[PDB]
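**Student:** in the first instance, please consider these chains from the complex; the rest will follow:
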Amino acid sequence: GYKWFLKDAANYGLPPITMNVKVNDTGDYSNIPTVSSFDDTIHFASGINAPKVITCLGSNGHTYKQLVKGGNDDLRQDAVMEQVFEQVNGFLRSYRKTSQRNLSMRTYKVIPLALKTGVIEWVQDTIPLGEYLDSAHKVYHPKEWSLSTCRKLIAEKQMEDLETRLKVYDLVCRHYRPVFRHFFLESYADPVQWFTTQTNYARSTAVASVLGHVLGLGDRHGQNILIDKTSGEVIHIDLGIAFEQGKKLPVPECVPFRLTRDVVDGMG
């Protein structure tokens, strides 16, 4: 179906596949932004299989891109959990003496494609959570132990011993570096900007856990997580398993809280 979808979109203004369209109480659908034709190329979703991404020029023309996802995730529940996080966010808006500070939230509402199918919509501007300066550690470290060597150390003892884990962490100590700052370094040169960004992002990453252990939802997996390079602040989405159901894994979630030690190192 090369031509048919693009042809159909032009004649009738299709409701947006990705729509942050908070319609009115009347709810009428008259002048929502409309896109006629698809883009030239559809980038694959970063994953096991190539899931496509859809983008086009808007009615106003402002970019509104998205990326569909392969697999069979059951995220209607995740949709509800996101809605719950959102209601909690409104609650965060509801408290004066907290009213002044912004409340940390960035929804990811993409309806599932089917019972075993999904279509996702990437946040407009974003980055993989650690990707920003992820490799700058090599820039940060002219000399460093291999991350593969670190994985070897991790797998050296899947069995737990009091001495073994401590010795492994001792090995981690000399090799690792407190180098988590650079991605947060070159953001903006404006005067109040740095003081603006850091407290914001810290409060953000805190609000994650702040809703978290209450929900007990998400293991902050690096691929799973999201960090907002453009924002000068952080936001994550796409959590999948929840309710402290750590028992499913061979090890339950050894996560008292979000181990944002690296972002902490962005100490100012």
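**Tutor:** Looks like it came in fine. Numbers count the residues shown, from 1 in each chain, chains lettered A, B, ... in the order given.

**Student:** distance of the closest residue to residue A:266 other than its chain neighbours relative to residue A:115?
**Tutor:** Spatial nearest neighbour of residue A:266, chain neighbours left out: residue A:184 (4.7 Å); criterion: C-beta to C-beta, 6 or more residues apart in numbering. Using the backbone N, CA and C atoms, a C-beta is placed for each residue, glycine as well. Between residue A:184 and residue A:115 the distance is 41 Å, computed by C-beta to C-beta, to the nearest Å.

**Student:** for burial, what's the neighbour tally of the residue nearest to residue A:266?
**Tutor:** 23 (other C-beta atoms under 10 Å).

**Student:** do I have it right that it meets residue A:200?
**Tutor:** No: Residue A:184 lies out of contact with residue A:200 (C-beta atoms under 8 Å); the separation is 11.2 Å.

**Student:** residue most distant from the centroid, chain A?
**Tutor:** In chain A, residue A:163 marks the outermost C-alpha relative to the chain mean, sitting 35.7 Å out by C-alpha atoms, centre = their mean.

**Student:** just how off-centre is the one helix or strand that residue maps to within its chain?
**Tutor:** For residue A:163, the element it lies in under DSSP states H and E is helix A:162-175. In terms of C-alpha atoms, centre = their mean, to the nearest Å, the centre of helix A:162-175 is found 30 Å from the chain centre.

**Student:** what is the burial count for residue A:15?
**Tutor:** 10.

**Student:** same question for residue A:203.
**Tutor:** There are 16 residues near residue A:203, going by other C-beta under 10 Å.

**Student:** chain B next, sequence below:
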Amino acid sequence: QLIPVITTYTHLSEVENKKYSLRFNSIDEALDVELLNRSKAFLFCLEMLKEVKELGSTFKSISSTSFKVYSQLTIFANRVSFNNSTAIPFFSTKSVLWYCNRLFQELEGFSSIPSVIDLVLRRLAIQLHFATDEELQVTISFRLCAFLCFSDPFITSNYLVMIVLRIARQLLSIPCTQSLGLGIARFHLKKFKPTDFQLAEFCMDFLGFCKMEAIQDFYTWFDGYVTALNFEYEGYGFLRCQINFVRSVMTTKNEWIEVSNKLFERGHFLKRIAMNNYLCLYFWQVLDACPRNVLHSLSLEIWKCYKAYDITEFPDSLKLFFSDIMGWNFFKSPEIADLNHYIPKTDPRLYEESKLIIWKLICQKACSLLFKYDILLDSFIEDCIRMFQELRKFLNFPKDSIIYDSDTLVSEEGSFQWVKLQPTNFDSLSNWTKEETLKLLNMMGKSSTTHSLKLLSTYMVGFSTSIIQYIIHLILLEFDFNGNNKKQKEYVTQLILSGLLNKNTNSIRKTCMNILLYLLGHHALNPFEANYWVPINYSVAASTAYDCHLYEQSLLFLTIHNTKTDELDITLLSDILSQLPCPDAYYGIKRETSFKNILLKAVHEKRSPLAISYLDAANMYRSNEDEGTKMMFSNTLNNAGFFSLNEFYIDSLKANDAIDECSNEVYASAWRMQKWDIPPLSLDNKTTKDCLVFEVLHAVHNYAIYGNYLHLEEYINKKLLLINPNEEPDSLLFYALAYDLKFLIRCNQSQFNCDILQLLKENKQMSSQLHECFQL
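**Tutor:** One more chain to add, chain B, which I have set with the ones above:
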């Protein structure tokens, strides 16, 4: 030499003969021949004034219908001719005209280049000397207007139109000459319209002073023609509004809305305000005469421009008018807080490639340099630009049409005989540390044109200061990182070191510091290496930080030093954050346990709980003997939230001989006790906020006690007369106080604003933010 002047002289002597001999011989490949033609033009100009008949008889025959018509047009606007003339008659101006006819016929289009015309303009500029006899000035001005009439089509260049524009400033001396310059602008308008990408200059092309009313009427007609551009109304100068204002006719409502919408779209409306003399015009000089519907229905940004369009001056009526104009919209939709998104100004963008941007920016700034100065100061800085000739393709960077005019032809110095050099008028010493930086750049023998330009800048009106402002980065870029290994590197580092210890130029030192910050850069893996490359010391960095007094510098700088050093200079960041506005602070460092630490916990957050748990204890505060906590407890009395416990505390200080009859605590009491008998501070006080309140109160109390409403209003207007609008924190914080007081006095009801209650209902923010602002 003087041979062309000899020809000009013999022209009058000759009868019925018109001869041109050896015109531009030794063809002008060198500066000599076109320079001789220019000396001829100067001799003819000297002929034009006082050698041509000063004339009590402007009446004559120009010997050409077109030339005579041009002269009549030049004198036409409000023509009051035929004043008494000078003493010594040398020759009839008719011979001058006859010679000028062949002179225009001469050169076959040569010498029309900017050199000779600019020489004529300089002749007029010296003629437009600052001060002299009015009648001799008038005669010389008649000569200048006639020389303007001696302008062939060869004056078609845009630079000539700009010279015509400067002629209006020259005319600002006199009204009849002002009408002459108005007609000259009328003539120039044909050339003025060709601009494709001056409109800003026209944006207020008005004479506020404003007999010949129909002259202003035809001026309005010409302005409408300028709007008839008919094709382009996008230029959208204040012209329609100003034409209405002079016309005493109100504008169309939809037109008013359009005028409102355009100004924000200008994006340089800040620069529009920047013209100080323009400002009192610009904030509704005659548009202050308009409806409250006109005031309010407009774009609010007019009101919203607070703390920007400063009243360096205004009419007393204007002062009252603006003090009013703030409030009636200010109560609704007020806003104070501001973000700090700056120009990206990133140093790396893509080595002559690096050098490419700097000179292009210098060329861009040269146009502004030629804009804002005296009518004559320009040429002194022009030469180096002409000197800068070798084609660095910099002209290609600027406008090509602009480049062609100052193409080549004989390069003639603006100085002429060099008496017309800078007369040392109005020597400025502001940005003296920038002059020191200019001396530093002079220590570097970088460029032939640039060093002479810097020296002229030293002779010029802060032009080296203007350059440092324009290039605080590119200047050191010439100094530092000019190449792989630059001999000026040690000098740049030493300059950084010397400037580190600066005092009273801490702004200049910080300018150098962020300039170092501009050293951002290309071809480097590590931004930490960027922290390394330019001269800086974390110790000196924190020195500057403690010197900043402003929260902007310290924050990410601490982290940068942490990457460099990480040593916990305990006092530094503590003093920083603790004395930082916004509540996010006050917990950064760990606590040093103490009862005094309990007090600190009370104070920094201004903790409402535990009202005086720091005042005393079981075994701690009975005999502390420190008076800093005396201020602390004064603040506690302020923050108690009980105006009465503090009301007695007013006496609790009254026992103390620390009042000195002017105390923030005592003044707060003045706000407090309703004690109309308590004597308030002096009304002549400059700006003290507590005092401002005390004055407002004593005034209102009289407004109760005495009868005369006009007397109360007089007290009020006098009190407000102190300069509120600019350069202080609490201006609006005194703004509408009487805007309430008098309205309450007005007509027997509650306050004019309906109630702050519905506003608080829709406020959604406590200061309009964390309640730094909205309170009290």
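
**Student:** with chain B now part of the structure, what is the answer for the neighbour count of residue A:184?
**Tutor:** 25 (other C-beta atoms under 10 Å in any protein chain shown).

**Student:** next one: residue A:1
**Tutor:** Neighbour number of residue A:1 under other C-beta under 10 Å is 7.

**Student:** next one: residue B:607
**Tutor:** Residues near residue B:607, counting by other C-beta under 10 Å: 14.

**Student:** stretch B:69-86: end-to-end distance?
**Tutor:** 25 Å (C-alpha to C-alpha, to the nearest Å).

**Student:** quick one: contacts of it?
**Tutor:** Under the criterion C-beta atoms under 8 Å, 6 or more residues apart in numbering or on different chains, residues B:50, B:53-59, B:62, B:135-136, B:138-139, B:145-146, B:148-149, B:175-176, B:179-180, B:182-184, B:186-187, B:211-212, B:215, B:218 lie in contact with stretch B:69-86.

**Student:** give me that answer again for 6 Å
**Tutor:** B:50, B:54-56, B:58, B:62, B:138-139, B:145, B:149, B:176, B:179, B:182-183, B:212, B:215 (C-beta atoms under 6 Å, 6 or more residues apart in numbering or on different chains).

**Student:** nearest to residue A:18 among these?
**Tutor:** residue B:182 (60.9 Å; C-beta to C-beta).

**Student:** just the element for the closest one, please.
**Tutor:** Applying DSSP H and E, one finds residue B:182 within helix B:175-192.

**Student:** just the buried positions in that helix, please.
**Tutor:** B:175-189, B:191-192 (16 or more other C-beta atoms under 10 Å in any protein chain shown).

**Student:** now the residue of the stretch 1-150 of chain B found nearest chain A: phi and psi?
**Tutor:** Residue nearest to chain A within the stretch 1-150 of chain B (C-beta to the nearest C-beta): residue B:114, separated by 41.4 Å. Recorded main-chain torsions at residue B:114 are phi -60, psi -20, according to degrees, to the nearest 10.
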